[PDB]
Amino acid sequence: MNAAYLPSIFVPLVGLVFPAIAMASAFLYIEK
Amino acid sequence: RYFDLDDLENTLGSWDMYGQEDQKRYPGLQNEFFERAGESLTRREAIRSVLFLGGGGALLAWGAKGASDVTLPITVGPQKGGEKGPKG
Amino acid sequence: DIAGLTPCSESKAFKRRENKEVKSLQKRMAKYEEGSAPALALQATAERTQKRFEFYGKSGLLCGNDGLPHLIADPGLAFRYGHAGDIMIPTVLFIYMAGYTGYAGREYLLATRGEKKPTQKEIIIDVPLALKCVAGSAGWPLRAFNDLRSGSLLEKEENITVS
Amino acid sequence: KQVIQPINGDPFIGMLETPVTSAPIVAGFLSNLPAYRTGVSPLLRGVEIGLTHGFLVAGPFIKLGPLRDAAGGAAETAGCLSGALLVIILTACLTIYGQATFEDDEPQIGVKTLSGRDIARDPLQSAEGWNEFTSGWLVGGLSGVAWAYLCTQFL
Amino acid sequence: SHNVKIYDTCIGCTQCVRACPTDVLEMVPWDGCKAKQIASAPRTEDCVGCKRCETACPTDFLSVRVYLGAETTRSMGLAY
Amino acid sequence: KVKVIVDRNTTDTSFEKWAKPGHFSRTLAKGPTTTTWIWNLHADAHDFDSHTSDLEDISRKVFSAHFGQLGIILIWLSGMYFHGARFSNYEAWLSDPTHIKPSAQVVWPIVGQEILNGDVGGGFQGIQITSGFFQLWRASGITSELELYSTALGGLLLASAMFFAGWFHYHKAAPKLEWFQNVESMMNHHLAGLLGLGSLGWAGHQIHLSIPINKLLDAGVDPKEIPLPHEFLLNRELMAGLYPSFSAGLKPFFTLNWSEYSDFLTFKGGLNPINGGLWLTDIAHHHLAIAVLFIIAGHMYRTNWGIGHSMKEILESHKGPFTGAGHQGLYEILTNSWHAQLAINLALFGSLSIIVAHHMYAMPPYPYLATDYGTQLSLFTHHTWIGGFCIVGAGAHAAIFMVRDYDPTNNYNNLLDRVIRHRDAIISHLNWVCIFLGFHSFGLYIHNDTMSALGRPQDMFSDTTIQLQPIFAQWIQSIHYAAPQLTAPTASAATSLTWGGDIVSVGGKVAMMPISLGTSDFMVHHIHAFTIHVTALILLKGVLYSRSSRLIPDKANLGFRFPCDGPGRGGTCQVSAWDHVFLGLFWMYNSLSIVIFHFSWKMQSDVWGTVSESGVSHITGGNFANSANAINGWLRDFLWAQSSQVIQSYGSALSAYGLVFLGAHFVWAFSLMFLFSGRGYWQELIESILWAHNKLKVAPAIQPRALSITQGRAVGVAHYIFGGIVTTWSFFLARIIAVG
Amino acid sequence: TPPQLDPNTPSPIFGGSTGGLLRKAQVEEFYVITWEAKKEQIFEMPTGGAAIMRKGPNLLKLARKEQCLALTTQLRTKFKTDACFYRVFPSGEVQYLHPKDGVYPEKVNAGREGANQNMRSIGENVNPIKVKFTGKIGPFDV
């Protein structure tokens, strides 16, 4: 598969980081 | 009878309970070192985002990099023999 | 024969099915000496059960592979091929059983309708008036046609609707 | 006598004073904490408050973590690193609560003391007072976990 | 704020106005009625939505029909 | 002051008013306008606060109707003895109890249902019995069938005396209010008269009948040679042979040395390792010791003679600083209102049943309850549920008092008052305790569930893994097995064997062995605690907010039982104090149901099964503390595993459990129709069907109306609980009647 | 004639309870009741608990207009006294709520000009097409 190191890079980014940012930014937009 | 309608501040019982008056009870020996260590990050969106963008990157970094992984399908993982079903 | 079935009398699994029950039953009644009614009660059921087998085999029901008697709906099948007693006859029985109580419920509501207050007449039945209806209900097929053609069966267009 | 009364006069206010509300001890204690004082900078609270919550949070991780077996003391740093995350996560939460409730323009909404006296409102209300606290929390929050590690490999 | 509107059919029984826990409906005199009286709703502000009105109308189909709108601090009835 | 004071010929006994349904309440007397009048009749029939006003009219109806319940219970007891007389195998059981299984009910042959008669024993065919009459009737010294007919008749005779008492005390001679207002007399009598004398009377039955008889049985004689009962009290020399101290007569009782009776009055403790029951010598020494103590305790209330307390003084003399006026109001509440005095009764008298379920379990006081496991199980599950409902009774009627019988003018700065006032604190804290246990009690299984499925057993809380052990409970069992040394110096041994004692066998079965409390035992009790709190939240909230809540200030004027107030305020749906009992019944149901599954499969794991000599192999082979930590093994090892007894039975004796098992699913799933749906959809649909009947001119004169809101909620709970309990009923019996 | 101000009328004797004002009152409006008394006796308090009303004109502070008329229906139908109440909010100005006309709405007066009325029977309303994409709250407005 030759790419093998990718999942360790993405899954945390897409399972945590993005849900961390999209949790913050989507919040700050609820009240303005 | 209570009233004093000229003040609606005392009619609401809104009084802060445990807030004290006393000014700083903290020593100047340790004061002047911290007081200038907090404002290095003072700002709304350019710092909080440093915590998201730059801070959360150790999940990325040490999730991939350091070989401290325990039973992780990432790294150590499968090393034993693979299971085969009954049919194939 | 029909639909890849066989009459239960010439079936086989059906004959297992009959003679496997008595075995399990009799091996059970060997635990009771004849001076016990349980020796009699079990005996009487084994003889009771064999009666129905000689009945189901005789009457000509159709047992499929399992040996359990099936039925057949279509009139053109039941009738022509000789066994209509499964539904085709009792489907007539039921309707006369059901419509009888059906139409006996309509007259009572008519007879009790015009009064001062029909409501209390629905809670507390006067059984004589209900008996005169239970009697009168018989032959409802001929009495339904007549309320049908005379125009007294329906209430026509003074019914209430919404919009 | 009767020990229990409504709060300070008016009975029609929601709470009513009890021994854990208005007492000699509880009035003083909860007031001594680096929380309710009106006389100290908000930066100095976060470096106090957050400084503590780093140390005590390390314990669960550095004791009952996923990996509780290491010959290099890695069971301890594995808890320190993760306990340092709830330091980094809660900073996002803290700062978020500032851009929501407090408007830079709107003044302090805090109320005035316990008795007759109106004293200057809580220096921490608005974002300025709040943000100084948040970075303060981050300053101390790092220390607590740090000294927790130093206290793990020493002392 | 909820909407409440009233119709020709009123008998003026006042039985609505007795119901409102926020005292919205208030009886305005009128002519064509048998008792020459008609309700009316000066405050759509404080209609909470109880529809204790619509239960009280002796009229076959109601003289008042509450149409729930959006809901404010008052129309949610918040003590918080 | 305390007199009889009755009226005369108050009402008129005639059928005049039977033919006039709804005659009681002014609203119903007008006959049905709609179909609801049929429903609104039944719910209002036994509500005596809607009928009338004064306590004379209410109480008479209440008192005269208790005779009704007692007249029904006795027709019930009579029937149970009669079916012990004719249709039971009892004699055959009585001779060889270690084998024959108990049976009474016999099935008529028709409709091919006689297969329900199981081959059991004593040359007999009938249904199994889990009730436990046989193992009572042995302990009462009842041998022949003639004693049973004499109870059946005598029971059915005295039953007829009650309904006459019921008739006589309502129509003919009805007491006045003042008579029902005497508590201190009533409490002197009940406590001394019922319980005090009723214990002696029974302590006099055991001494002259059960103690002698049950010695001749386990000695190896059988009912054929047993002297008739009246032989025992009419012959000393016969009695003295059994116990020599009867030769002493009544002198030792009068000469005031009771150590003389140590033969037939003992203090022992522990189970008799022949019958398995408690040693029947001290049970007489039990009731006797209690009876003497009750009659004492019945004299503390004065009536005529100025000796003994009053009530009003006892309560009004307790005033603390914290509580203000203490109890000054409680007396005139509890003597002026029934629902108040009912909530207090159902509270204790409910939970007393649950307490019984532990004791009769933990130390069986009957011969041969051990060798029949279905009876010990069926009587642990029975009394819990019956104690479970009667608790929710307290939740419901306390709420009825608030809404209706409660007036402020009597209690001001009271203990009742000061509770309503801070209520937001009570409910809030309880509401936190539940959420606390929610994650800790329950969530720890989810950890155990997950850590399993991730292949890391090193983590899941267990015995090998992280130790969570019931320190205290374990530590308690230490004292009581060290008790018959110093803290209990005069004893044979410890009270029961669940403590640190040793195993006991009969008929190759385990009577009771000790029970060890492991981690899985720890985790469960906190789930018991979790449910018991949550179900207190719901009932307490129903009482405190019954009157008025913060969001609905008038709530009292809407009655005890009402649907929502508005759709407004985001909707008020289901805010009433009848509706907090609606909700409490699903948590009661849930709470108790798991109390059982804890019991049933702890008891099979760590106690029951045949004595194998070597290995003492249990029913499940002793898998609990390992088996069930996570919710993982509750499906596999319990429901799945245990339910393979009920499913494979068709054509067997217990097959009627296989039908009921499913039949209890259908009724349960059927409940969801009434809980999830709502009225206005069902009232719209009926509007269509009327068009059909109209078109055929069949329209009824009592207009069909869909069930009312709270009606549909009740029939929703009725089935959800009904269908759900009947499963475990069918699941237990089919299980153990096969296995045990 | 109808409106009045807020003189000094004491408050009824009560010992405190968790029912009452909250942090609305700080930022948000809250109500005030004034009635009178003849004898002193006890009255249900709608926020919970019982309270002793004084021998004369009284003043309370509740949290809702809803709670407020609960207490008027109380004293009007039970002790048979009139009551009238206010809307007080922190900006300092008070409004006179309740019989603004000077008469309870249950009884007819003159001078009231009623709003929110429709001169059509209900069946005579518009069907939702005829207000489409133009928009109104509903068919009842048009």
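A, B, C, D, E, F and G label the chains in the order they appear, each numbered from 1.
Basically, contacts are C-beta pairs under 8 Å (C-beta built on N, C-alpha and C of every residue); 3 or more make two chains touch, one makes a residue touch a chain.
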| item | value |
| --- | --- |
| Shortest walk length in steps over touching chains, subunit B through to subunit G | 1 |
| Touching both subunit B and subunit E (chains) | G |
| Pair exhibiting more inter-chain C-beta contacts, E-F or E-G | E-G |
| Chain centre separation (subunit A, subunit D; CA means) in Å | 29 |
| Distance from the mean Cα position of subunit F to that of subunit D, given in whole angstrom | 51 |
| Length of the line joining the C-alpha centres of subunit F and subunit G, rounded to whole Å | 50 |
| Residues of subunit F engaged with two or more neighbouring chains | 324, 421-422, 424, 550-551, 553-554 |
| Subunit C: positions in contact with at least two other chains | none |
| Junction residues of subunit D - those touching two or more other chains | 7, 10, 13-14, 16, 66, 92, 96, 99, 111 |
| Chain pairs that touch, as defined at the top of this document | A-B, A-D, B-D, B-G, C-F, D-F, D-G, E-F, E-G, F-G |
| List of subunit F residues in touch with subunit E within their complex | 550-551, 553-554, 565-570, 572 |
| Footprint of subunit G on subunit F - complex, ascending | 324, 408-409, 411-413, 417-418, 420-425, 547-548, 550-554 |
| Residue numbers on subunit B that touch subunit D, as the complex places them | 2, 9, 11-26, 31, 34-35, 37-44, 47-48, 51-52, 55-56, 58, 62, 68, 70 |
| Touch list for subunit E against partner subunit G, complex | 3-9, 14, 17-18, 21-23, 25-29, 37-42, 44, 46, 48, 61-62, 65, 67, 69, 73-74, 77-80 |
| Contacting residues of subunit E [partner subunit F, same complex] | 2, 21, 47-52, 68, 71, 75-77, 79 |
